[PDB]
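Chains C, B and A are the protein sequences, given in the same order. Residue numbers for the first sequence follow PDB author numbering, so the first one is 1046 and each next one is one higher. Residue numbers for the second sequence follow PDB author numbering, so the first one is 701 and each next one is one higher. Residue numbers for the third sequence follow PDB author numbering, so the first one is 849 and each next one is one higher. For reference, the structure is listed below as structure tokens.
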Amino acid sequence: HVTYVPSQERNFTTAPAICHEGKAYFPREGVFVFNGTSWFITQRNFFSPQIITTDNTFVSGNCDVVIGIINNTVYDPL
Amino acid sequence: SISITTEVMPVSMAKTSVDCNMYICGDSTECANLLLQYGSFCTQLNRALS
Amino acid sequence: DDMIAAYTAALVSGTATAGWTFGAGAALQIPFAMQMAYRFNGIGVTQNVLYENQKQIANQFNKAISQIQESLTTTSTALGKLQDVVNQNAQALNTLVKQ
Ligand SMILES: *[C@@H]1O[C@H](CO)[C@@H](O)[C@H](O)[C@H]1NC(C)=O
Ligand SMILES: *[C@@H]1O[C@H](CO)[C@@H](O)[C@H](O)[C@H]1NC(C)=O
């Protein structure tokens, strides 16, 4: 059996969602991570930081019901 | 294409019971008296079958 | 029995702290709400459903645990196929003695 074994763990600061002009942004797949400078979105099994855009996330509700939500910005390409 | 394949499987078999007294000593009183001290073996067989 | 209890305690602690990753390899820490969000996402429900109804889901979890606790304090036959093993072993040895 040929299998894939992940290794070389690293700690990041994480959040469930980000608030941006009164809306809650949840990731499509992946997690929001903070590495000391800015917030990125990444896959769970490999570390590959990506810019939080409108394509990565989706909107559901306003930011006063989710526990642990933070303020940040979402880059719209247009 | 859309295909349909059949697969057959057994689920149960026949439930059976035996009566030691008639199999070993059929309608004989002397044989039943001699068999009277083998009763643990027959209750063991009946428990297995049930 | 203490060794088996220690094994089950280790399994429950690893599930509550690391999640699903300690079976594939080294354990990865993750807060429990995010693990619940991934489990919700795995069955086809978006994670905002978890993150907006967290109080209700937590209360239902606690209520279900209490019902499991109350069911096992009343005399019943829930563990009746574990009793059959010890009954069969004892009956076989006593049959050998009586034969
Ligand atoms: C965090 O990630 C960004 C990605 O470009 C990088 O520029 C920055 O140096 C990283 N910060 C630390 C502390 O590693
Ligand atoms: C930033 O977050 C804090 C606490 O979550 C909140 O009180 C504040 O209103 C947020 N900023 C804006 C501009 O809404």
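Where is the CB? At the ideal position from N, CA and C, for every residue including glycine.
Contact of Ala874(A) with chain C is assigned, a C-beta pair being separated by under 8 angstroms.
Taking C-alpha positions only, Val934(A) is separated from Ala885(A) by approximately 43 angstroms.
Within the segment 728-746 of chain B, the residues whose Cβ lies closer than 9 angstroms to any Cβ of chain A are, in chain order, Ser740, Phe741, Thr743, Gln744. Shortest Cα-Cα distance from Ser1093(C) to any of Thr1048(C), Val1047(C), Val1050(C), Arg1055(C) involves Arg1055(C). In this structure, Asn1117(C) has its beta carbon at no less than 7 angstroms from each heavy atom of ligand 2.
Along the segment 893-926 of chain A, going in chain order, the ones with a CB nearer than 8 angstroms to a CB of chain C are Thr894, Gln895, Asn896, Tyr899, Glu900, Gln902.
The C-alpha of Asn1090(C) is placed about 59 angstroms away from the C-alpha of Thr943(A). In the structure shown, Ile913(A) falls within a helical segment according to DSSP collapsed to helix, strand and coil.
In the three-state DSSP reduction, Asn1056(C) falls in the coil class, being neither helix nor strand. Shown here, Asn1080(C) sits in coil according to DSSP, grouped into three states, outside any helix or strand. Close to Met882(A), with beta-carbon spacing below 8 angstroms, are these residues of chain C in chain order: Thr1059, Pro1061, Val1076. Rounded to whole angstroms, the separation of the alpha carbons of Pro1051(C) and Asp1109(C) is 36 angstroms. In chain order, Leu749 place their CB closer than 7 angstroms to the CB of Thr716(B), counting only its own chain and leaving out the 5 sequence neighbours on each side. Distance from the CA atom of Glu900(A) to the CA atom of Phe1079(C), rounded to whole angstroms, is 23 angstroms. Around the beta-carbon of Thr1058(C), fewer than 16 other beta-carbon atoms lie within 10 Å, marking it exposed.
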